[PDB]
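Asks: Have a look at this one before I ask anything.
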Amino acid sequence: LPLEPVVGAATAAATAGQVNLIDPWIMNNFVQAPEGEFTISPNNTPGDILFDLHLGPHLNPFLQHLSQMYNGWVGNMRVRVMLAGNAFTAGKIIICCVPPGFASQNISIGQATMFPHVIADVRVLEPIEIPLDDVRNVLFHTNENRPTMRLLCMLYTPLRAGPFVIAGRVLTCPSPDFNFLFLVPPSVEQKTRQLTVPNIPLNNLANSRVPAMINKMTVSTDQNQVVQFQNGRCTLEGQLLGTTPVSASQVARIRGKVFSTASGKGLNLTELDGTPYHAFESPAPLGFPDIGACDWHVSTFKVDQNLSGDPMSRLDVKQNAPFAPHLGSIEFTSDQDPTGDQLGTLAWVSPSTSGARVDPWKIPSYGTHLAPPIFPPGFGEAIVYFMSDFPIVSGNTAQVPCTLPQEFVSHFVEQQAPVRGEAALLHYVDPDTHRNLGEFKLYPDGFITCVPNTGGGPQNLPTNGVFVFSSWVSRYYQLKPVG
Amino acid sequence: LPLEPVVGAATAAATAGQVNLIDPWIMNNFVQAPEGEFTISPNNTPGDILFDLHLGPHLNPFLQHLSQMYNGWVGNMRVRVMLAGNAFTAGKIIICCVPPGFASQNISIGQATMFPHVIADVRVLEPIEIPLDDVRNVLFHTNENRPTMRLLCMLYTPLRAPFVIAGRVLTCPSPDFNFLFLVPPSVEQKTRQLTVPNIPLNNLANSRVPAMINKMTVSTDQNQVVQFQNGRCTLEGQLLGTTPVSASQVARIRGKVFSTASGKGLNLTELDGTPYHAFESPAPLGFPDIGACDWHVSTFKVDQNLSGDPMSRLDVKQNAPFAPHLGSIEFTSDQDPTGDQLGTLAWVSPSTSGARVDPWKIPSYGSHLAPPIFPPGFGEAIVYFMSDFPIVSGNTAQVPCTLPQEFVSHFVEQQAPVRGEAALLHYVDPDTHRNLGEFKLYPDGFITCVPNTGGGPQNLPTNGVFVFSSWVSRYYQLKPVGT
Amino acid sequence: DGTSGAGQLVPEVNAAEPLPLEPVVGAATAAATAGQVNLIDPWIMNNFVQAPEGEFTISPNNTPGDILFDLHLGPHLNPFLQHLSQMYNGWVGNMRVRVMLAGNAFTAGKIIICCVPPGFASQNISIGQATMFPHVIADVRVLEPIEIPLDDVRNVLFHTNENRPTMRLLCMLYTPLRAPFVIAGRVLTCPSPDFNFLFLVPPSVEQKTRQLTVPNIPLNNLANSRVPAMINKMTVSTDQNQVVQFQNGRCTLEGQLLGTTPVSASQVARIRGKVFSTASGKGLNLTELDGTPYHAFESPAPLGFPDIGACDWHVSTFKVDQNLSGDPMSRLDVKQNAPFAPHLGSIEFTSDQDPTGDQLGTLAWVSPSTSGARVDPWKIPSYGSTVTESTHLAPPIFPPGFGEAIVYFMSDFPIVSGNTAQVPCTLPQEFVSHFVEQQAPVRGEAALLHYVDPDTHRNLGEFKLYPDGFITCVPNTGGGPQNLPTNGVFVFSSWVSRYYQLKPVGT
């Protein structure tokens, strides 16, 4: 290779506080990378990306567990590539070393030979060993994200034999130039956390919009519908968006004070614990329903007395032009007499006119710092929604969709993990036989996408599996079809 | 110069992949930089800015062409400055070296003495040589944006001389210059060069109506502001407003016909059948913007089976139901249009009887627009490009714009960065290659000039080609064009 | 490579004889007379990088005697040397060529690679005559790649970017291939330790060292080149032996327009003239699109004249006069009859409205010539009134065989009662206006293009751009390119030979 030898730990020996050691049995065995599975099929053209890495301590699950009590790292790692072919095949492969700070859209196979490369045949027997060295700009890497040295593997000549696919594995162990740098109290710094997904089956996740359970996932019928839900919106760093509450006993709730004028009878909106509502950036009080273009039916009760009568009194809210909850004022009608304070929940909806149809894929017009919409991205990636049984009269369906469940939002808020990639990769896993049922992507804005089969998506999967985080991938990572 | 000796690649030899040598003949002659030209004038005051350059490999057209092959760079340069004045213009200048990390955003002429500086007169014959050193904090410089050293030229004493003083800046590298990591050439976007297309003026298409550019002119009242919505594209390639890419998408309307009790209408979609989203764009891409008039759109029906006469002329009035931001217009026509209608604006007419049509206004979409274009002062005016178009009862029969469509389609394709406050353009006759005028190209996407008294750019031939010259500052004074 | 686990089925090293040519001195000659001698990067001198003309296929459709690749000795055989060649002027020295071949353990065949001296110019060197040059006969089953020195036989002290003959490598098939199969071969080059560029020149100014590029525009943003509309589909024709001779949208890769091809995307299908009206009827005396007079020359018509033949035209014009009152437009109806002769600059029309003076208009919609005929959008009009006049049309386009098919670009356009309601072309207008500005030289017989998805940067199909200005493909059985997504980007990959076997596109 045209690479000069680099030095790992002699530059950061004098200017850092400490230089710490590593258990010598980690330096010897080769441990498989997180995304270290790739196949080569005869349907592949020359030029397809097969794998893609970048240098760090996350390429080895011992270094990732050791780095949570340290502060810096330097050094080079060693990579193995192991193919599985026999003596009756033909084809080549290319593995190039892209330097840090190089940004480009696509690299052809003619431009891939201008990097320091290794062109390896398919029929090889001993595994290919490639040095992955550290080309630094500073003395030592601290615990932030910063672009590092990449490997890039592409097909070079197409595969010919005589559905024979060829499977490959990537294995990685550090060189003796690897070192950690400063003893820190473990798992306290935010920069060394890792994102995790709760260990709860799908038939025990609550809905994030109505108070019911999730029973089956679908994809929408339209494949480019744009959704702008305001309940169940939260990014991966634990920043709530819209009117998303935290717990699951706060979804689709209403608390306010009743005023009685000659104009009608209405509600002055407060929050769900007695604090007065502030109109700074929230479109509504935290816990307000977002079912748009319908007629709500909220059943409340009287709060601060020793009640002797029948407390429950249904209230009917119509989404006309006086409906403006952003100012903290909705108008209702009823058959009982609700006075004072009323804490209630949304029971069921109704259409506006006498013959209209309730479309639960829409949001009301509040009157103002809304949540941003969700466009369906990439190549064939479809946003997976979660349906739930809820009483909707005179509608096309009885299923209410969402993007994330409530126990995901209540976990992302407490966890406060950072984002180390451009997307996440999940694995739907049966909890009995531990077999992988399908893979999904988790984007940094909080919506799960997938690539479905023709005529079948995630709805064909059973409803008692458990999501499991795997690793961080790029945005253009290819998924497998589900169905 | 009061500066320590600064080493080159001796620090970056350890932690980089390669260290690469260059030609020993580049370090001998002084070549004019692509950011060289500046002017001194008695309009200036002691304390202005004549040029400012950040240290890099883009200060020399040999190092710029070499840096598309490499990744990093380390080392110093040498700068040499020429002036051209008589023995009747008295005054000094001052060229100082501001280190990186010094942030004050205003430097008095008494504070610029406290840097490493060269104080030079304007009556000098031999040029002035000053070394620009690479004071840095890191081991080497990756081809991206980090603060490097600055040259900074100010007027140090008032100029008692329309006489301007031309100046040029010539650079050559020191013997300590070195590039670092070989990549494939011309793949990164960060080391690209801005070009202007090599087309004559009469072979350029208009950007507001479907016609060809006839001549250039300036306005009569040169303090009128314009807010055109087609032909708006910044130099980095970001489209603004409703500007389309190609030249066959200009002033075209496509939508589905709906009938109601009050006339007919069109439910607007995009220009290929894709549904329109009411977002950041004020209209579907390619919507016309000739305001305060009545349109005449001639459409046909997108259908495989047509008979008789497939054309229909829709007359759109800009009354209160004209609201293209919501996604609906109205029309009146004597034919019977149905289904998906696609058409192009044909001619415009006055709104009421006796009134006249103004082609400089824009319609009212609302009942997220592009920012207005203000003239940048210093006795300049905006160059407009005129084109013949059928206009009844108007002042002129010609429609202006701010950029040709090929310029927009070139800036979108190239995506070159911006290294200056303006771009100086020449206008050359393509036979004898003489020069006819100087124009500035601002990074907001419009071309200005300084018109002569009694004339302007409308007295020039109409077959000249624009040629990129250099990157200049905001106060470069242009020679007046005209007669 | 893979000599470890390939068994002993294939040979590993090509046993070759030394070539019958003496070694050639390098850059020591141009030290006394040239101005400068410029050193280059030592990291280039020992890395084998794939040449731009570095792809070929050996398919069992090839006969013995087909040209696989053909290289002229220059600095354009290496992308580092090509990118350095735009800065300097002149060069000397030798190169080092390396050919990669890896078939199965089942295939069979041989190739022959010969060195032709400068000045020996002949067409169709056979495989009998290629033996008489210094040659190496290599197998198609070897593992270690063949290395061939490309010496620099010359008459003068050093070279220059003008037109002079240089040495050639010429690799042809020798015995037929015997096994759905091809053999992907790659050619990799590296300079000798005697290579040297000579004189510094302003970079990327001269024409002879340029590089052909294709625009970075998606498919749905390209304009049609025969009617004013946008491209929305790529199809192939049914009759694969139908000849097409279009007039608009014809441009060679060197950037030299043919026929009535305009430059801008707003000049297509336009007519400008001054209306005369005798006692017989009404007509137009044709001028150019900017008022300049039109003379009978190499073009058969003014630039931008429409070319949909054997039909009726409906053109909607307007007066060029400033003072307009009332209804400005006027629809003209043209028949392709005997008084239709745009080569002499006169047509004849009828209209309900009355336009006079100067008129400028655009073709609106077409119509059949008779009450029960059809509209074929694949024909062209007869420009000359008498058929024997030399009107200097563009030459017809023939498909180059090997199962290939020409790609057409369709657009929605109001055709009344035709075969389909779409108009084809050969090149988009943004390709013509990009080929005219660049003026890049052509270094092969085709240009392999890839149709790339703009987001995931995948690969959807291979295409070939021929130097006469059209794009071909090999359609799959019962499919074609009309199944592809309509927002891809054509990227340039390599310069290939005329007999490159593409992969079938579509389903």
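Every chain in the structure tokens has a letter given in the order shown (A, B, ...), and although residue numbers restart at 1 in each chain, ligands are simply numbered from 1 in the order shown.
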Pick out the residues sitting within 12 Å of residue 146 (chain A), and hand them over as a list in words; count only C-alpha atoms, and ignore anything fewer than 2 positions along from it in its own chain.
Replies: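 Contacts, with the query itself left out: residues 54, 55, 56, 100, 101, 135, 136, 137, 138, 140, 141, 142, 143, 144, 148, 149, 420 and 421 of chain A.
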Asks: Residues of chain B within 8 Å of chain A, counting only C-alpha atoms - could you list those as a list in words?
Replies: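 Therefore, the residues near the partner are residues 14, 15, 16, 17, 18, 71, 138, 139, 140, 141, 142, 143, 144, 181, 182, 183, 184, 187, 188 and 189 of chain B.
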Asks: Going by DSSP on the backbone, which residues of region 147-188 of chain A come out as strand (DSSP E or B)? List them as a list in words.
Replies: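 So the strand (DSSP E or B) residues in region 147-188 of chain A would be residues 150, 151, 152, 153, 154, 155, 156, 157, 158, 159, 160, 166, 167, 168, 169, 170, 171, 172, 173, 174, 179 and 180 of chain A.
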Asks: Starting from chain B, keep only residues with some atom at most 8 Å from an atom of chain C, counting only C-alpha atoms, and report them as a CSV table (one decimal) with N, CA and C atoms, in the first residue's frame.
Replies:
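part_36.csv written:
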chain,number,residue,atom,x,y,z
B,20,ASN,N,3.6,14.9,-0.2
B,20,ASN,CA,3.8,15.0,-1.6
B,20,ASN,C,4.5,16.2,-2.0
B,21,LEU,N,5.4,16.1,-3.0
B,21,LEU,CA,6.2,17.2,-3.5
B,21,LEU,C,5.5,17.8,-4.7
B,22,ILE,N,5.9,19.1,-5.0
B,22,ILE,CA,5.3,19.8,-6.2
B,22,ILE,C,6.4,20.2,-7.1
B,23,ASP,N,6.1,20.9,-8.2
B,23,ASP,CA,7.1,21.3,-9.2
B,23,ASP,C,8.0,22.4,-8.6
B,24,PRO,N,9.3,22.3,-8.8
B,24,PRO,CA,10.2,23.4,-8.4
B,24,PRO,C,10.2,24.6,-9.3
B,25,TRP,N,9.4,24.6,-10.3
B,25,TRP,CA,9.3,25.8,-11.1
B,25,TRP,C,8.1,26.7,-10.8
B,61,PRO,N,-3.2,30.0,-9.3
B,61,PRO,CA,-4.0,29.1,-10.2
B,61,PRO,C,-3.2,27.8,-10.6
B,62,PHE,N,-2.0,27.7,-10.2
B,62,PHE,CA,-1.3,26.4,-10.3
B,62,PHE,C,-1.6,25.5,-9.1
B,65,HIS,N,-5.2,24.3,-9.3
B,65,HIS,CA,-5.4,23.1,-10.1
B,65,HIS,C,-4.7,21.9,-9.5
B,69,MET,N,-6.4,17.4,-6.8
B,69,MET,CA,-5.9,16.1,-6.8
B,69,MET,C,-5.6,15.6,-5.4
B,184,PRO,N,-8.9,11.0,-6.0
B,184,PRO,CA,-9.1,11.2,-7.4
B,184,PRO,C,-9.4,12.6,-7.8
B,185,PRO,N,-9.1,13.1,-9.0
B,185,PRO,CA,-9.2,14.5,-9.3
B,185,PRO,C,-10.6,14.9,-9.6
B,197,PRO,N,-21.0,30.4,-18.3
B,197,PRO,CA,-21.2,29.7,-19.5
B,197,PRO,C,-20.7,30.4,-20.7
B,198,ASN,N,-20.2,29.7,-21.7
B,198,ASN,CA,-19.6,30.2,-22.9
B,198,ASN,C,-20.6,30.3,-24.1
B,199,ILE,N,-21.7,31.0,-23.8
B,199,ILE,CA,-22.7,31.2,-24.8
B,199,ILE,C,-22.8,32.7,-25.1
B,203,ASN,N,-28.1,34.0,-27.7
B,203,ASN,CA,-28.5,32.6,-27.6
B,203,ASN,C,-28.8,32.2,-26.2
B,204,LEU,N,-29.3,33.1,-25.4
B,204,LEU,CA,-29.7,32.9,-24.0
B,204,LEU,C,-31.2,33.1,-23.9
B,205,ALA,N,-31.8,32.3,-23.1
B,205,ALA,CA,-33.2,32.3,-22.9
B,205,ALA,C,-33.7,33.1,-21.7
B,210,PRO,N,-41.5,32.5,-21.8
B,210,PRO,CA,-40.8,31.7,-22.8
B,210,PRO,C,-40.4,32.4,-24.1
B,211,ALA,N,-39.3,33.1,-24.1
B,211,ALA,CA,-38.8,33.8,-25.2
B,211,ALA,C,-37.3,34.0,-25.1
B,212,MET,N,-36.7,34.6,-26.0
B,212,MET,CA,-35.2,34.8,-26.1
B,212,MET,C,-34.8,36.2,-25.7
B,245,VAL,N,-35.7,24.6,-13.1
B,245,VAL,CA,-34.4,24.4,-13.6
B,245,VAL,C,-34.3,24.6,-15.1
B,246,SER,N,-35.1,23.9,-15.9
B,246,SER,CA,-34.9,23.9,-17.3
B,246,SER,C,-35.7,25.1,-17.9
B,247,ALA,N,-35.4,25.4,-19.2
B,247,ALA,CA,-36.0,26.5,-19.9
B,247,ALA,C,-37.4,26.2,-20.4
B,248,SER,N,-37.8,25.0,-20.4
B,248,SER,CA,-39.2,24.7,-20.9
B,248,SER,C,-40.2,24.5,-19.8
B,249,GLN,N,-39.8,24.9,-18.6
B,249,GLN,CA,-40.8,24.9,-17.5
B,249,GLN,C,-41.2,26.3,-17.0
B,300,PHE,N,-53.9,22.4,-23.3
B,300,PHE,CA,-54.4,21.2,-24.0
B,300,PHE,C,-54.7,20.1,-22.9
B,301,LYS,N,-55.3,19.1,-23.3
B,301,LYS,CA,-55.7,18.0,-22.4
B,301,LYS,C,-54.8,16.9,-22.4
B,302,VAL,N,-54.2,16.5,-21.3
B,302,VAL,CA,-53.3,15.4,-21.2
B,302,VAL,C,-54.1,14.1,-21.3
B,303,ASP,N,-54.2,13.5,-22.5
B,303,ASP,CA,-55.0,12.4,-22.8
B,303,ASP,C,-54.5,11.8,-24.2
B,304,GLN,N,-54.6,10.4,-24.3
B,304,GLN,CA,-54.2,9.8,-25.5
B,304,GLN,C,-55.1,9.9,-26.7
B,305,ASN,N,-56.4,10.2,-26.4
B,305,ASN,CA,-57.4,10.2,-27.5
B,305,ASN,C,-58.0,11.6,-27.6
B,306,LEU,N,-57.6,12.3,-28.6
B,306,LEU,CA,-58.1,13.7,-28.8
B,306,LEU,C,-58.7,13.7,-30.2
B,307,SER,N,-59.6,14.7,-30.3
B,307,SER,CA,-60.3,14.9,-31.6
B,307,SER,C,-60.6,16.4,-31.8
B,308,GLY,N,-60.8,16.8,-33.0
B,308,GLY,CA,-61.2,18.1,-33.4
B,308,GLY,C,-60.1,19.2,-33.0
B,310,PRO,N,-57.9,20.5,-30.0
B,310,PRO,CA,-57.5,20.2,-28.6
B,310,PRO,C,-57.1,21.3,-27.7
B,347,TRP,N,-50.3,35.5,-23.5
B,347,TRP,CA,-50.2,37.0,-23.5
B,347,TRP,C,-50.9,37.5,-22.3
B,388,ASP,N,-38.8,40.0,-26.2
B,388,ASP,CA,-40.1,40.4,-26.8
B,388,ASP,C,-41.2,39.4,-26.4
B,390,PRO,N,-45.9,39.3,-26.3
B,390,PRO,CA,-47.1,40.0,-26.7
B,390,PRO,C,-47.8,40.6,-25.5
B,391,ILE,N,-47.7,42.0,-25.4
B,391,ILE,CA,-48.2,42.7,-24.3
B,391,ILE,C,-49.1,43.8,-24.9
B,392,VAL,N,-50.4,43.9,-24.5
B,392,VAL,CA,-51.3,44.9,-25.0
B,392,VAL,C,-51.5,45.9,-24.0
B,393,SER,N,-51.4,47.2,-24.4
B,393,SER,CA,-51.6,48.4,-23.6
B,393,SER,C,-50.6,48.5,-22.5
B,396,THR,N,-43.6,49.5,-22.4
B,396,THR,CA,-42.8,48.8,-23.4
B,396,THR,C,-43.4,47.4,-23.6
B,397,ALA,N,-43.1,46.8,-24.8
B,397,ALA,CA,-43.5,45.5,-25.1
B,397,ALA,C,-42.5,44.4,-24.7
B,413,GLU,N,-26.1,23.1,-11.6
B,413,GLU,CA,-25.4,21.9,-11.9
B,413,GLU,C,-24.0,22.0,-11.3
Asks: Could you tell me which residues of chain A sit within 10 Å of chain C when counting only C-alpha atoms, and give me the result as a count of residues only?
Replies: 53
Asks: If we count only C-alpha atoms, what is near residue 389 (chain A) at a cut-off of 7 Å, once residues fewer than 5 positions away on the same chain are taken out, given as number ranges by chain?
Replies: A: 398-400
Asks: Generate the output file for the selected residues, C-alpha atoms, as a CSV table (one decimal), in the first residue's frame.
Replies:
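Okay, this is what ended up in out32.csv:
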chain,number,residue,atom,x,y,z
A,398,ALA,CA,-61.7,2.1,13.5
A,399,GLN,CA,-57.9,2.2,13.6
A,400,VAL,CA,-56.0,5.3,14.8
Asks: In region 290-462 of chain C, what's helix (DSSP H, G or I) per DSSP? Answer as a list in words?
Replies: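 In region 290-462 of chain C, DSSP puts these residues in helix (DSSP H, G or I): residues 429, 430, 431, 432, 433, 434, 435, 436, 437 and 438 of chain C.
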Asks: Which value, in Å to one decimal, gives the distance between CA of residue 246 (chain A) and CA of residue 359 (chain A)?
Replies: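 Those two atoms sit 26.1 Å apart.
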Asks: Name all residues at most 8 Å from residue 157 (chain B) (count only C-alpha atoms; drop same-chain ones fewer than 4 positions away) and give them as a list in words.
Replies: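 Selected residues are residues 46, 91, 92 and 93 of chain B.
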Asks: Report the distance between CA of residue 482 (chain C) and CA of residue 502 (chain C) in Å, rounded to one decimal place.
Replies: 17.0 Å
Asks: So that I can check the surroundings of residue 339 (chain C), please list as number ranges by chain every protein, DNA and RNA residue that reaches within 10 Å of it, counting only C-alpha atoms and ignoring chain neighbours fewer than 6 positions away.
Replies: C: 283, 346-349, 385
Asks: Could those selected residues go to a file with C-alpha atoms, as a CSV table (one decimal), in the first residue's frame?
Replies:
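New file result06.csv:
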chain,number,residue,atom,x,y,z
C,283,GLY,CA,-47.9,33.2,-46.9
C,346,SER,CA,-41.5,30.6,-48.4
C,347,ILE,CA,-44.5,28.7,-47.0
C,348,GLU,CA,-48.2,29.1,-47.5
C,349,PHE,CA,-51.0,29.2,-44.9
C,385,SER,CA,-39.9,21.6,-53.6
Asks: Give me the residues within 12 Å of residue 163 (chain A) as a PDB file with N, CA, C and O atoms, in the first residue's frame, counting only C-alpha atoms and dropping any in the same chain fewer than 5 places off.
Replies:
ATOM      1  N   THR A  39     -23.332 -10.060   1.256  1.00  0.00           N
ATOM      2  CA  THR A  39     -23.425 -11.119   0.265  1.00  0.00           C
ATOM      3  C   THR A  39     -23.163 -10.551  -1.119  1.00  0.00           C
ATOM      4  O   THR A  39     -23.343  -9.358  -1.369  1.00  0.00           O
ATOM      5  N   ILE A  40     -22.742 -11.430  -2.022  1.00  0.00           N
ATOM      6  CA  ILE A  40     -22.503 -11.092  -3.418  1.00  0.00           C
ATOM      7  C   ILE A  40     -23.335 -12.035  -4.271  1.00  0.00           C
ATOM      8  O   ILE A  40     -23.135 -13.253  -4.226  1.00  0.00           O
ATOM      9  N   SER A  41     -24.256 -11.480  -5.040  1.00  0.00           N
ATOM     10  CA  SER A  41     -25.184 -12.222  -5.873  1.00  0.00           C
ATOM     11  C   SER A  41     -24.877 -11.945  -7.338  1.00  0.00           C
ATOM     12  O   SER A  41     -24.254 -10.929  -7.663  1.00  0.00           O
ATOM     13  N   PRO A  42     -25.282 -12.831  -8.257  1.00  0.00           N
ATOM     14  CA  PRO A  42     -25.131 -12.521  -9.688  1.00  0.00           C
ATOM     15  C   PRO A  42     -26.026 -11.397 -10.185  1.00  0.00           C
ATOM     16  O   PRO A  42     -25.862 -10.971 -11.333  1.00  0.00           O
ATOM     17  N   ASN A  43     -26.961 -10.908  -9.376  1.00  0.00           N
ATOM     18  CA  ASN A  43     -27.751  -9.734  -9.711  1.00  0.00           C
ATOM     19  C   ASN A  43     -27.023  -8.429  -9.422  1.00  0.00           C
ATOM     20  O   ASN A  43     -27.602  -7.358  -9.626  1.00  0.00           O
TER      21      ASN A  43
END
Asks: Would you list the contacts of region 467-469 of chain B as number ranges by chain, taking every protein, DNA or RNA residue within 12 Å and counting only C-alpha atoms, but skipping same-chain residues closer than 2 positions in sequence?
Replies: B: 32-37, 193-201, 422-430, 433-441, 464-465, 471-472
